[PDB]
Each structure stands twice: as C-alpha cells, then as structure tokens.
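Enquirer: Got input_7.cif for you, mmCIF, C-alpha atoms and all ligand atoms:
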data_query
#
loop_
_atom_site.label_atom_id
_atom_site.label_comp_id
_atom_site.auth_asym_id
_atom_site.auth_seq_id
_atom_site.Cartn_x
_atom_site.Cartn_y
_atom_site.Cartn_z
CA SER A 19 232.31 17.49 29.71
CA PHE A 20 229.64 14.76 30.34
CA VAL A 21 231.09 11.32 29.63
CA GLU A 22 233.76 12.68 31.96
CA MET A 23 230.99 13.11 34.58
CA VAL A 24 229.08 9.83 34.17
CA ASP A 25 229.81 7.53 37.13
CA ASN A 26 231.27 10.32 39.30
CA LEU A 27 229.42 9.21 42.46
CA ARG A 28 230.29 6.35 44.83
CA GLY A 29 228.93 5.27 48.20
CA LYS A 30 228.39 2.25 50.42
CA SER A 31 224.83 0.95 50.54
CA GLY A 32 222.77 3.08 52.92
CA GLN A 33 225.51 5.60 53.82
CA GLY A 34 225.19 8.26 51.07
CA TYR A 35 226.47 9.21 47.63
CA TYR A 36 229.52 11.40 47.43
CA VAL A 37 231.45 13.04 44.66
CA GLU A 38 235.17 13.82 44.76
CA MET A 39 236.13 17.52 45.13
CA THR A 40 239.20 19.63 45.88
CA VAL A 41 239.56 22.61 48.16
CA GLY A 42 242.53 24.99 48.59
CA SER A 43 245.89 25.57 46.83
CA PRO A 44 247.54 23.10 46.58
CA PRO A 45 244.36 21.02 45.95
CA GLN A 46 243.14 18.87 48.86
CA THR A 47 241.07 15.86 47.73
CA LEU A 48 237.90 15.15 49.70
CA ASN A 49 234.81 13.01 49.26
CA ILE A 50 231.71 15.19 49.57
CA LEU A 51 228.14 13.97 50.18
CA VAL A 52 225.69 15.19 47.60
CA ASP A 53 222.81 16.73 49.53
CA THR A 54 219.80 18.39 47.86
CA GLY A 55 218.04 18.80 51.22
CA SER A 56 220.46 21.53 52.37
CA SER A 57 222.51 24.59 51.33
CA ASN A 58 225.78 24.63 53.17
CA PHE A 59 229.09 23.47 51.73
CA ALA A 60 230.96 21.99 54.68
CA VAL A 61 233.97 19.75 55.35
CA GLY A 62 235.55 18.16 58.39
CA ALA A 63 238.38 20.53 59.34
CA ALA A 64 239.70 18.72 62.44
CA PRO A 65 240.48 15.10 63.48
CA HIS A 66 237.58 12.73 64.23
CA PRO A 67 237.26 8.99 64.98
CA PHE A 68 235.52 8.49 61.57
CA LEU A 69 237.51 10.89 59.37
CA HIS A 70 240.47 9.25 57.60
CA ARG A 71 241.33 12.74 56.20
CA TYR A 72 240.34 16.42 56.38
CA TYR A 73 240.60 20.06 55.44
CA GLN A 74 243.65 21.88 56.73
CA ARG A 75 243.14 25.57 56.12
CA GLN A 76 246.63 26.66 57.11
CA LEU A 77 248.01 24.54 54.19
CA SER A 78 246.15 26.80 51.77
CA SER A 79 247.67 29.94 50.31
CA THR A 80 244.11 30.75 49.18
CA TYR A 81 242.10 30.37 52.45
CA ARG A 82 240.33 33.53 53.64
CA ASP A 83 238.87 33.20 57.19
CA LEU A 84 235.48 35.07 57.25
CA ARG A 85 235.65 35.32 61.04
CA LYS A 86 232.06 34.03 61.50
CA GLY A 87 230.89 30.82 63.21
CA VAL A 88 228.13 28.51 61.89
CA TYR A 89 225.82 25.86 63.30
CA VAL A 90 223.83 23.45 61.15
CA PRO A 91 221.17 21.14 62.49
CA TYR A 92 219.89 18.28 60.36
CA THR A 93 217.21 15.75 61.08
CA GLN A 94 220.00 13.19 61.78
CA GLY A 95 223.05 14.84 63.21
CA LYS A 96 224.46 18.30 63.65
CA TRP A 97 227.69 20.30 63.36
CA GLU A 98 229.18 23.75 63.87
CA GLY A 99 232.33 25.39 62.67
CA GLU A 100 234.20 28.20 61.11
CA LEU A 101 233.13 30.07 57.99
CA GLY A 102 235.59 30.96 55.27
CA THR A 103 236.08 30.90 51.53
CA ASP A 104 238.45 29.00 49.29
CA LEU A 105 238.98 27.66 45.80
CA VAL A 106 236.97 24.62 44.81
CA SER A 107 236.88 22.37 41.75
CA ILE A 108 235.36 19.02 40.84
CA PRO A 109 237.83 16.55 39.17
CA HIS A 110 235.10 14.60 37.34
CA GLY A 111 232.81 17.61 37.02
CA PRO A 112 233.05 20.70 34.83
CA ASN A 113 236.53 22.08 34.06
CA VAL A 114 236.34 25.13 36.35
CA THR A 115 237.49 26.35 39.73
CA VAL A 116 235.42 28.68 41.90
CA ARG A 117 235.82 30.67 45.09
CA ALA A 118 233.02 29.50 47.38
CA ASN A 119 231.98 29.64 51.01
CA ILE A 120 233.31 26.77 53.04
CA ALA A 121 232.29 25.83 56.54
CA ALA A 122 235.12 24.27 58.44
CA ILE A 123 233.63 21.57 60.66
CA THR A 124 235.43 21.72 64.00
CA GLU A 125 232.94 19.66 66.04
CA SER A 126 230.02 17.46 65.14
CA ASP A 127 227.36 15.20 66.66
CA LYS A 128 226.19 12.04 64.87
CA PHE A 129 227.10 13.63 61.52
CA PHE A 130 229.99 11.59 60.17
CA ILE A 131 229.25 7.93 59.48
CA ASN A 132 231.73 5.15 60.28
CA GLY A 133 232.98 3.56 57.04
CA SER A 134 230.89 5.94 54.88
CA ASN A 135 234.08 7.16 53.19
CA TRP A 136 232.87 10.82 52.85
CA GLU A 137 234.28 13.81 54.75
CA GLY A 138 231.95 16.73 53.91
CA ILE A 139 228.58 17.77 52.51
CA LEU A 140 227.47 19.56 49.39
CA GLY A 141 224.17 21.26 50.03
CA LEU A 142 222.62 21.95 46.64
CA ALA A 143 219.39 23.68 47.70
CA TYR A 144 218.59 27.35 47.67
CA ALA A 145 219.98 30.23 49.74
CA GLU A 146 216.79 30.74 51.66
CA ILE A 147 217.71 27.77 53.84
CA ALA A 148 221.45 28.42 54.14
CA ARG A 149 222.79 28.76 57.67
CA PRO A 150 223.38 31.34 59.27
CA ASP A 151 221.06 32.98 56.74
CA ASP A 152 220.48 33.62 53.04
CA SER A 153 223.50 35.91 52.71
CA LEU A 154 225.77 32.86 52.67
CA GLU A 155 225.85 32.10 48.92
CA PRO A 156 225.63 28.31 48.27
CA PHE A 157 228.31 26.52 46.31
CA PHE A 158 226.13 26.02 43.23
CA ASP A 159 225.12 29.70 43.14
CA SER A 160 228.83 30.59 43.14
CA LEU A 161 229.41 28.09 40.30
CA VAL A 162 226.81 29.77 38.01
CA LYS A 163 227.79 33.34 38.96
CA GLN A 164 231.56 32.81 38.60
CA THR A 165 231.36 30.71 35.38
CA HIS A 166 229.41 29.62 32.28
CA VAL A 167 228.07 26.37 33.76
CA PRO A 168 224.32 26.49 33.06
CA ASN A 169 221.99 26.72 36.07
CA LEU A 170 221.04 23.02 36.06
CA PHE A 171 222.26 19.70 37.53
CA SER A 172 221.04 16.12 37.33
CA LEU A 173 221.37 13.09 39.66
CA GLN A 174 221.34 9.45 38.62
CA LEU A 175 221.60 7.54 41.89
CA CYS A 176 222.10 3.75 41.60
CA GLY A 177 221.07 1.00 44.09
CA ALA A 178 221.78 -2.77 44.42
CA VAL A 191 226.80 1.93 45.15
CA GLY A 192 227.39 4.42 42.32
CA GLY A 193 225.73 6.97 40.10
CA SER A 194 226.29 10.19 38.26
CA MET A 195 225.94 13.95 38.85
CA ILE A 196 225.80 15.87 35.61
CA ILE A 197 226.56 19.50 36.46
CA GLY A 198 225.35 22.07 33.95
CA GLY A 199 223.12 20.11 31.58
CA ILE A 200 221.27 16.90 30.71
CA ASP A 201 223.06 13.79 29.57
CA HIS A 202 220.53 12.07 27.36
CA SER A 203 222.59 8.90 27.15
CA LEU A 204 221.65 8.20 30.83
CA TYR A 205 217.84 7.78 30.78
CA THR A 206 215.10 6.21 28.68
CA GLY A 207 211.43 7.24 28.10
CA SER A 208 210.73 10.93 28.37
CA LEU A 209 211.55 13.53 31.08
CA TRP A 210 208.52 14.50 33.17
CA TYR A 211 208.75 17.84 34.90
CA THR A 212 207.22 19.04 38.13
CA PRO A 213 207.30 22.75 39.31
CA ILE A 214 209.63 23.78 42.10
CA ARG A 215 206.84 25.29 44.21
CA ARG A 216 209.24 27.62 45.96
CA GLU A 217 212.96 27.92 45.90
CA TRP A 218 214.10 26.88 49.37
CA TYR A 219 214.23 23.11 49.67
CA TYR A 220 213.41 21.57 46.34
CA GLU A 221 209.74 21.62 47.10
CA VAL A 222 207.26 19.79 44.91
CA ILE A 223 203.57 18.84 45.16
CA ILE A 224 202.15 15.33 45.43
CA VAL A 225 198.60 15.23 44.08
CA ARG A 226 197.74 11.54 44.58
CA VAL A 227 199.24 8.45 46.25
CA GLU A 228 198.39 4.92 45.08
CA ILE A 229 199.34 1.53 46.54
CA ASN A 230 198.87 -1.38 44.03
CA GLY A 231 196.38 0.97 42.36
CA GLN A 232 194.39 1.59 45.57
CA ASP A 233 193.93 5.29 46.31
CA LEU A 234 194.89 6.31 49.86
CA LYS A 235 191.77 8.50 49.67
CA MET A 236 193.22 11.44 51.54
CA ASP A 237 192.69 15.13 50.91
CA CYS A 238 195.71 15.78 48.65
CA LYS A 239 196.90 18.48 51.11
CA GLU A 240 197.79 15.66 53.48
CA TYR A 241 200.51 14.32 51.16
CA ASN A 242 202.28 17.69 51.44
CA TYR A 243 201.77 18.61 55.11
CA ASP A 244 203.63 20.84 55.65
CA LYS A 245 205.84 20.41 52.58
CA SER A 246 207.08 17.84 50.14
CA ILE A 247 210.73 17.85 49.16
CA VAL A 248 213.19 15.97 46.94
CA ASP A 249 216.34 15.22 49.00
CA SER A 250 219.30 13.24 47.80
CA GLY A 251 220.80 13.24 51.32
CA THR A 252 217.93 11.52 53.15
CA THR A 253 217.81 7.71 53.00
CA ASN A 254 214.09 7.02 53.21
CA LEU A 255 210.76 7.87 51.73
CA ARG A 256 209.50 9.86 54.73
CA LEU A 257 205.76 10.44 55.02
CA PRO A 258 203.52 12.65 57.23
CA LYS A 259 201.98 10.85 60.26
CA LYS A 260 198.58 10.33 58.60
CA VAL A 261 199.91 9.26 55.17
CA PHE A 262 202.49 7.00 56.76
CA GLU A 263 200.07 5.02 58.92
CA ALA A 264 197.75 4.57 55.98
CA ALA A 265 200.62 3.32 53.77
CA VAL A 266 202.10 0.93 56.30
CA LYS A 267 198.63 -0.49 57.01
CA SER A 268 198.33 -1.28 53.30
CA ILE A 269 201.80 -2.73 52.94
CA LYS A 270 201.28 -4.86 56.08
CA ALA A 271 197.87 -5.97 54.78
CA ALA A 272 199.22 -6.93 51.35
CA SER A 273 202.00 -9.00 52.90
CA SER A 274 200.44 -10.43 56.12
CA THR A 275 200.88 -13.91 54.62
CA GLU A 276 204.27 -13.59 56.32
CA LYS A 277 205.60 -12.70 59.75
CA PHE A 278 207.46 -9.51 60.74
CA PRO A 279 208.48 -8.17 64.17
CA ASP A 280 206.03 -5.23 64.70
CA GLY A 281 209.13 -3.05 65.22
CA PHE A 282 210.30 -3.83 61.64
CA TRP A 283 207.69 -1.32 60.47
CA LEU A 284 209.48 1.31 62.55
CA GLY A 285 212.80 0.29 60.95
CA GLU A 286 214.36 -0.84 64.25
CA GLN A 287 214.67 -4.47 63.13
CA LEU A 288 215.36 -6.56 60.00
CA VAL A 289 213.50 -9.29 58.15
CA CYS A 290 215.32 -12.14 56.47
CA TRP A 291 214.88 -14.82 53.87
CA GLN A 292 217.22 -17.42 52.42
CA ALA A 293 219.28 -16.49 49.36
CA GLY A 294 217.31 -15.77 46.15
CA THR A 295 213.90 -16.50 47.77
CA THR A 296 212.60 -13.04 48.83
CA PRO A 297 208.80 -12.85 48.21
CA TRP A 298 209.08 -9.48 46.35
CA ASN A 299 205.71 -10.12 44.63
CA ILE A 300 203.72 -9.83 47.91
CA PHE A 301 205.05 -6.34 48.47
CA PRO A 302 203.00 -3.65 46.74
CA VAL A 303 204.19 -0.99 44.28
CA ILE A 304 203.75 2.66 45.38
CA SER A 305 202.78 5.37 42.96
CA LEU A 306 203.41 9.02 43.59
CA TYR A 307 201.45 11.46 41.46
CA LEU A 308 203.45 14.64 41.05
CA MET A 309 201.97 17.93 39.75
CA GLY A 310 202.47 18.56 36.05
CA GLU A 311 203.66 21.51 34.03
CA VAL A 312 200.09 22.37 32.91
CA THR A 313 196.66 22.95 34.47
CA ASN A 314 195.22 19.82 36.05
CA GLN A 315 197.90 17.54 34.57
CA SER A 316 199.86 14.98 36.66
CA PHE A 317 202.40 12.33 36.07
CA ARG A 318 203.55 9.42 38.28
CA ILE A 319 206.61 7.69 39.50
CA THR A 320 206.11 4.07 40.56
CA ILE A 321 208.24 2.61 43.27
CA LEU A 322 209.03 -1.11 43.60
CA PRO A 323 209.57 -3.09 46.85
CA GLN A 324 213.20 -3.51 45.84
CA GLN A 325 213.38 0.23 46.53
CA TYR A 326 211.75 0.62 49.94
CA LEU A 327 213.20 -2.54 51.50
CA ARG A 328 216.83 -1.66 51.73
CA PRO A 329 219.30 -4.53 51.72
CA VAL A 330 221.28 -4.70 54.99
CA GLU A 331 224.54 -6.57 55.94
CA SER A 336 225.93 -15.62 57.62
CA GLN A 337 224.55 -15.83 54.07
CA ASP A 338 220.89 -14.76 54.39
CA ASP A 339 219.04 -12.00 52.50
CA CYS A 340 218.00 -9.22 54.89
CA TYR A 341 216.13 -5.93 54.53
CA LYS A 342 215.32 -2.76 56.42
CA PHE A 343 211.96 -1.12 55.84
CA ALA A 344 212.95 2.21 54.28
CA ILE A 345 209.67 4.14 54.60
CA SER A 346 209.42 6.18 57.80
CA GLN A 347 207.28 8.72 59.55
CA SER A 348 208.04 12.43 59.54
CA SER A 349 206.37 15.46 61.07
CA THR A 350 208.06 18.09 58.85
CA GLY A 351 206.51 16.82 55.60
CA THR A 352 207.23 14.28 52.86
CA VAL A 353 210.85 13.62 51.87
CA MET A 354 211.50 11.80 48.61
CA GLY A 355 214.81 10.30 49.65
CA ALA A 356 217.28 7.99 47.99
CA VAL A 357 214.57 5.31 48.19
CA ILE A 358 212.56 7.25 45.60
CA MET A 359 215.48 8.73 43.71
CA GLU A 360 217.48 5.53 43.08
CA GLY A 361 215.28 4.15 40.31
CA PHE A 362 215.16 7.40 38.32
CA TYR A 363 217.12 10.07 36.42
CA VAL A 364 216.47 13.34 38.39
CA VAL A 365 216.88 16.82 36.80
CA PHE A 366 217.08 19.87 39.07
CA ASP A 367 216.20 22.52 36.46
CA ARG A 368 216.76 25.66 38.51
CA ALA A 369 216.75 27.92 35.43
CA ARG A 370 213.21 26.75 34.78
CA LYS A 371 211.81 26.24 38.34
CA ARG A 372 211.16 22.55 37.68
CA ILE A 373 212.31 19.05 38.55
CA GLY A 374 212.42 16.40 35.90
CA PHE A 375 212.18 12.65 36.39
CA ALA A 376 212.85 9.93 33.77
CA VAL A 377 213.54 6.17 34.26
CA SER A 378 217.23 5.37 34.64
CA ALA A 379 219.55 2.89 32.91
CA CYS A 380 220.39 1.48 36.33
CA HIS A 381 216.66 1.07 37.24
CA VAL A 382 215.36 -1.94 39.22
CA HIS A 383 214.89 -5.10 37.11
CA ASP A 384 212.39 -7.83 38.03
CA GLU A 385 210.82 -10.14 35.48
CA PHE A 386 207.31 -8.90 36.40
CA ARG A 387 206.96 -5.28 37.74
CA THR A 388 208.95 -2.16 36.60
CA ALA A 389 209.64 1.22 38.21
CA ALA A 390 208.40 3.89 35.82
CA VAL A 391 207.84 7.57 35.22
CA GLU A 392 204.55 7.68 33.35
CA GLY A 393 201.90 10.13 32.11
CA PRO A 394 200.09 12.42 31.41
CA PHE A 395 197.03 12.09 33.70
CA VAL A 396 194.19 14.46 34.93
CA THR A 397 192.80 15.86 38.22
CA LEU A 398 190.62 18.73 39.55
CA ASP A 402 195.04 23.19 45.71
CA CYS A 403 197.24 20.35 47.04
CA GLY A 404 199.76 22.69 48.64
CA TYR A 405 199.84 23.41 52.34
CA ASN A 406 199.76 27.08 53.38
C1 LIG B 501 219.65 22.92 57.76
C2 LIG B 501 218.57 22.32 56.86
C3 LIG B 501 218.83 22.64 55.40
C4 LIG B 501 218.40 20.83 57.18
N1 LIG B 501 218.29 19.86 56.08
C5 LIG B 501 218.23 18.53 56.33
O1 LIG B 501 218.31 18.17 57.50
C6 LIG B 501 218.08 17.45 55.25
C7 LIG B 501 219.42 16.92 54.70
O2 LIG B 501 219.29 16.11 53.52
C8 LIG B 501 220.17 16.07 55.70
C9 LIG B 501 221.62 16.02 55.20
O3 LIG B 501 222.31 14.76 55.37
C10 LIG B 501 222.84 14.27 56.55
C11 LIG B 501 223.56 13.07 56.60
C12 LIG B 501 224.07 12.59 57.82
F1 LIG B 501 224.76 11.43 57.90
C13 LIG B 501 223.89 13.30 59.00
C14 LIG B 501 223.18 14.49 58.94
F2 LIG B 501 222.98 15.21 60.05
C15 LIG B 501 222.67 14.97 57.74
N2 LIG B 501 219.72 14.71 55.88
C16 LIG B 501 219.08 14.20 56.94
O4 LIG B 501 218.77 14.88 57.91
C17 LIG B 501 218.80 12.71 56.96
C18 LIG B 501 219.83 11.87 56.52
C19 LIG B 501 219.68 10.50 56.53
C20 LIG B 501 220.81 9.61 56.06
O5 LIG B 501 220.88 8.44 56.47
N3 LIG B 501 221.75 10.07 55.24
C21 LIG B 501 222.79 9.24 54.68
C22 LIG B 501 224.07 10.05 54.57
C23 LIG B 501 222.31 8.72 53.36
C24 LIG B 501 222.15 7.33 53.17
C25 LIG B 501 221.70 6.81 51.95
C26 LIG B 501 221.41 7.67 50.88
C27 LIG B 501 221.56 9.06 51.05
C28 LIG B 501 222.00 9.57 52.29
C29 LIG B 501 218.48 9.95 57.01
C30 LIG B 501 217.43 10.76 57.45
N4 LIG B 501 216.23 10.19 57.93
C31 LIG B 501 215.52 10.91 58.98
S1 LIG B 501 215.62 8.84 57.50
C32 LIG B 501 216.07 7.67 58.60
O6 LIG B 501 216.05 8.42 56.16
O7 LIG B 501 214.17 8.95 57.57
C33 LIG B 501 217.61 12.14 57.43
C34 LIG B 501 217.15 20.89 58.02
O8 LIG B 501 216.05 20.86 57.49
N5 LIG B 501 217.29 21.05 59.34
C35 LIG B 501 216.22 21.11 60.14
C36 LIG B 501 215.76 19.94 60.73
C37 LIG B 501 214.65 19.94 61.56
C38 LIG B 501 214.24 18.61 62.14
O9 LIG B 501 214.02 17.65 61.37
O10 LIG B 501 214.15 18.46 63.39
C39 LIG B 501 214.00 21.16 61.81
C40 LIG B 501 214.49 22.32 61.20
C41 LIG B 501 213.86 23.66 61.39
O11 LIG B 501 214.51 24.55 62.00
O12 LIG B 501 212.72 23.87 60.91
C42 LIG B 501 215.59 22.30 60.37
#
What does this structure look like when you write it as structure tokens?
Ligand SMILES: CC(C)[C@H](NC(=O)C[C@H](O)[C@H](COc1cc(F)cc(F)c1)NC(=O)c1cc(C(=O)N[C@H](C)c2ccccc2)cc(N(C)S(C)(=O)=O)c1)C(=O)Nc1cc(C(=O)O)cc(C(=O)O)c1
Expert:
Amino acid sequence: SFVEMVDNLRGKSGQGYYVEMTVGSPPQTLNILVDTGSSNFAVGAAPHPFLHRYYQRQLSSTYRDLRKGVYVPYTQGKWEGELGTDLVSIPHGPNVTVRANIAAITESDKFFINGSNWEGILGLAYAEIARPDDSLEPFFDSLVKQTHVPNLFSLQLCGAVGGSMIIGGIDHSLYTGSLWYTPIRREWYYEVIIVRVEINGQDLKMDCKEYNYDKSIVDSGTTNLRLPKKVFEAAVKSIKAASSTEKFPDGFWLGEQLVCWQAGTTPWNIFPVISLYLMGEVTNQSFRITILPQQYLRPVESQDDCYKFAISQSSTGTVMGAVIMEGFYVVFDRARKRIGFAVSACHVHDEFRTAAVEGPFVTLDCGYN
C-alpha cells in the first residue's frame, strides 16, 4: 500500500539488501536478496553452514515439483537445484499472493554469505536471461500477469543497512528533485547507455562506446561500480592522481586490501566525484548522476576508520552496483522501457559536495553492437 512498503529492505553493510517473503502453505518466512542483475527466483532448500533456515517443500500442500533441474552461474558464486512452483507473497509488499516458479537450491558454491542473513534471491530482470531459458517466467512477470500490480518497481537503497522496494508504483514521498529517465536499451539485463564519464569535471576522453563495452547494466545485486578494462584503468589513474598526497598499498586499488584513518579524520575532500552521463529520453539529451567518495570507498569492519575501494574491473561491461544505487531513488519502469533516477532522502551528506541527479545536457551511437 506504500507507507506499508517504505523501509522493507534490510542488510548488513556490503552483504546485500533483502526483503522478507513467504513461500508455501502454511507460509514459510525467508529473507530474499533483491537482485536486478538476474531473473531466477531461488531459495536454499537444504541445510548449509550459512543458512539458519530454509525452504522445505514437503511441508507445503501447494508445492508442485516441475521435475526439471536448474543451474545458475553468477559472477561471484553459483548454484543448482530443483525447479517447481509455489505460492508466494510479500508481507511488506502488495497485498497479493501469486503462484511463481521457484528454484530449490540443493547445492551451491560461494553463493550464500556468512552472517548476511538472507536465504534466497529475487532476480528482477527479464525472461531473456532466465535459466534454463526464457520459458521460465520470472517472479515479477507472474506478479503482473496474475494480479493488478502495475508493471513497475522502485529501489531506494541506503548506505552508512536499509532501504525500500516499492512494488507497483512510485512513492513520491521518498525522493527530492525530479525523476530523470534513461531508456532500457533492451529487455534482458536492465541495460542502459552511458554517454560520458567525468572525474572532478575532467572528461575521460574515450569513445563513448568504451563506457558500454559490451553492455552497461543497473544491478542491485552487485556491490561495486564495475568498469570495462580501459575505462577502469583510466578512472583509477585519475583517482590515484587526485589523492597521491597520501599512501595506499598498490593492491588497495584492486580491492584486496584496506586503507585506514583515525576516527572522524578521513580526507574525503581529496577523493574526486564521479559523474556518469546517462542517455536521455529525447534526441541528443543526457542527464548525470554524480557519485561521491563516500560511495565508492565502502566502510569495512580496534577503533579506526577503514575502507575498501569499491570500483573494480570487469570484462563483461559496466555494472552500476549498489555503489551507484545507494545515493539515489531508482525506478525500474518496465511498462515504459525506462529507468528513472532521482536523489534520495537517505543520500550522502557532507558539508561540501552532494550526490545529485542533474540535467538536461546535450551531445552529438554509444551502444556496443
Ligand atoms: C545468470 C545471470 C543472470 C547472472 N547475473 C549475475 O551474475 C549478476 C547478479 O547481480 C549477481 C547476483 O548476486 C549474487 C550474490 C552473491 F552473494 C553470490 C552470487 F553468486 C550472486 N551478482 C554478482 O554476480 C555479484 C555480486 C556481488 C556481491 O557482493 N553481492 C552481494 C550479495 C551484495 C553486497 C552489497 C550490495 C549488494 C549485493 C559482487 C560482484 N562483484 C563481481 S563485485 C566484487 O562487486 O565487482 C558480483 C550472470 O550474468 N551470469 C553470468 C556471469 C558471467 C561471468 O561474469 O563470468 C558470464 C555469463 C555468461 O554466460 O555470459 C553469465
């Protein structure tokens, strides 16, 4: 109903945002990771060193085994298991219950995270990247087909963890400024197009096709801003440059090690802002999201302040992870093939620089084919 949905996501810093859900009759309560970079609904369905609870199909008078197996590889970990359907509802979501495909995770490899407090994954992307193939209708597609929930969801992910997932519409009480929309290039991943990248106003000077080699995606279930080999080296080089007045292990830039400062004395100001120019809704029109250092230096667990560098290389294209999403209010407007960004209530405060969604701007394409 909306207020009912605000603050429906928890997580522990750096381990992923989950929403509560229920599967089966009687209802079984599970914490489910919100993942826009995939398309399978899947829950642990067997004991595991990291699972404090799981799905027990036999205890469901509504479970229908589909007799198929399923394997899902992510960048990070992987799992396989048993396909089936069941009844699913979201306590602090809309007031509906839907029959949806469920993958019962029977074994997994580096998937579950110790102390993460979630036990499954909600893949909110399109059917074209469902496993085993696009015949396996994704939870959200079931939701819209089986009910009146509009084809739309929004994600307010908070840092410094909580946030909100508004299913079915836009809660205006949760963002300021205006919504800026970028076209979903193609309905598989949420694919978007980056037309320009700026660091403290310096242009990276690359052919805009490089920012999107071989795709750019918006993915609530990846931690980092991930950048293509070329773009990444160029960005690091500029962030290193602008902060060389300090010392870092040269593995810190690969994320393997931390940097520390004493409480309240982090030199935030020597870390540059990053600006991503996303393609607009009209010809030759952009807009930008600006990303503060408080966003790409993730705070990591003595009473010193320590940070991981949360920008990493990728060779499967750009991924606008939690790093990028945490500032902003993000609208996945499926009905209109577009992704909106506005600044969030829980945005990063700093008495000098602000994260912002701003525009319009102009340019003269940038997609990889
Ligand atoms: C099946 C596809 C839809 C699949 N989609 C995805 O992998 C993207 C998802 O968002 C996928 C889902 O989430 C997972 C969370 C886990 F804990 C484990 C895990 F395995 C996954 N995420 C990731 O792969 C991922 C998660 C994380 C990560 O840390 N996630 C945690 C839970 C999190 C923490 C804070 C905020 C939000 C989430 C990190 C990364 N990085 C590589 S990183 C270090 O940030 O740069 C990646 C995919 O693209 N698979 C695939 C991968 C590759 C490849 O990279 O090698 C190649 C292909 C292919 O066939 O083309 C297909």
Enquirer: Work out how far apart atom CA of residue A:177 and atom CA of residue A:210 are and give it in Å to one decimal.
Expert: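 If I compute the distance from atom CA of residue A:177 to atom CA of residue A:210, I get 21.4 Å.
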Enquirer: Kindly list the centre and edge lengths in Å, rounded to one decimal, for the axis-aligned box that covers all listed atoms of ligand LIG 501 (chain B) plus 4 Å on each of its six sides, as JSON.
Expert:
{"center_x": 218.7, "center_y": 15.7, "center_z": 57.1, "size_x": 20.0, "size_y": 25.7, "size_z": 20.5}
Enquirer: Using all atoms listed in the file, which residues of chain A come within 8 Å of ligand LIG 501 (chain B), and what is the closest atom pair for each, with the distance in Å to one decimal? Give it as a Markdown table, sorted by chain and residue number.
Expert:
| residue | atom | partner | partner_atom | distance |
| --- | --- | --- | --- | --- |
| A:31 | CA | B:LIG501 | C25 | 6.8 |
| A:32 | CA | B:LIG501 | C25 | 4.0 |
| A:33 | CA | B:LIG501 | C24 | 3.8 |
| A:34 | CA | B:LIG501 | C28 | 3.7 |
| A:35 | CA | B:LIG501 | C27 | 6.0 |
| A:51 | CA | B:LIG501 | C22 | 7.2 |
| A:53 | CA | B:LIG501 | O2 | 5.4 |
| A:54 | CA | B:LIG501 | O2 | 6.1 |
| A:55 | CA | B:LIG501 | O2 | 3.8 |
| A:56 | CA | B:LIG501 | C3 | 3.6 |
| A:57 | CA | B:LIG501 | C3 | 5.8 |
| A:58 | CA | B:LIG501 | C3 | 7.6 |
| A:90 | CA | B:LIG501 | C1 | 5.4 |
| A:91 | CA | B:LIG501 | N5 | 5.0 |
| A:92 | CA | B:LIG501 | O1 | 3.3 |
| A:93 | CA | B:LIG501 | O4 | 3.6 |
| A:94 | CA | B:LIG501 | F2 | 4.0 |
| A:95 | CA | B:LIG501 | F2 | 3.2 |
| A:96 | CA | B:LIG501 | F2 | 5.0 |
| A:97 | CA | B:LIG501 | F2 | 7.7 |
| A:127 | CA | B:LIG501 | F2 | 7.9 |
| A:128 | CA | B:LIG501 | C13 | 6.4 |
| A:129 | CA | B:LIG501 | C13 | 4.1 |
| A:130 | CA | B:LIG501 | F1 | 5.7 |
| A:131 | CA | B:LIG501 | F1 | 5.9 |
| A:134 | CA | B:LIG501 | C22 | 8.0 |
| A:139 | CA | B:LIG501 | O3 | 7.5 |
| A:141 | CA | B:LIG501 | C3 | 7.7 |
| A:143 | CA | B:LIG501 | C3 | 7.8 |
| A:147 | CA | B:LIG501 | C3 | 5.5 |
| A:148 | CA | B:LIG501 | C3 | 6.5 |
| A:149 | CA | B:LIG501 | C1 | 6.6 |
| A:219 | CA | B:LIG501 | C3 | 7.4 |
| A:249 | CA | B:LIG501 | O2 | 5.5 |
| A:250 | CA | B:LIG501 | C27 | 5.8 |
| A:251 | CA | B:LIG501 | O2 | 3.9 |
| A:252 | CA | B:LIG501 | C18 | 3.9 |
| A:253 | CA | B:LIG501 | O6 | 3.7 |
| A:254 | CA | B:LIG501 | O6 | 3.8 |
| A:255 | CA | B:LIG501 | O7 | 6.8 |
| A:256 | CA | B:LIG501 | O7 | 5.5 |
| A:344 | CA | B:LIG501 | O6 | 7.2 |
| A:345 | CA | B:LIG501 | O7 | 7.2 |
| A:346 | CA | B:LIG501 | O7 | 5.5 |
| A:347 | CA | B:LIG501 | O7 | 7.2 |
| A:348 | CA | B:LIG501 | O7 | 7.3 |
| A:349 | CA | B:LIG501 | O9 | 8.0 |
| A:350 | CA | B:LIG501 | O9 | 6.5 |
| A:355 | CA | B:LIG501 | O6 | 6.9 |
| A:356 | CA | B:LIG501 | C26 | 5.1 |
| A:357 | CA | B:LIG501 | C26 | 7.7 |
Enquirer: Using only C-alpha atoms, can you tell me which of A:398, A:223, A:373, A:380 comes closest to residue A:353?
Expert: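 Among A:398, A:223, A:373, A:380, it is A:223 that comes nearest to residue A:353.
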Enquirer: At what distance in Å, to one decimal, does atom CA of residue A:80 lie from atom CA of residue A:117?
Expert: 9.2 Å
Enquirer: Please indicate the distance in Å from atom CA of residue A:19 to atom CA of residue A:354, rounded to one decimal place.
Expert: 28.7 Å
Enquirer: At a cut-off of 6 Å around the point (204.3, -2.9, 50.4) (file coordinates), what residues fall inside when counting all atoms listed in the file? I'd like the answer as a ChimeraX atom specification.
Expert: /A:269,301-302
Enquirer: Find the residues near residue A:315: any atom within 8 Å, counting all atoms listed in the file, skip ones fewer than 3 places away on the same chain, and give them as number ranges by chain.
Expert: A: 309-312, 394-397
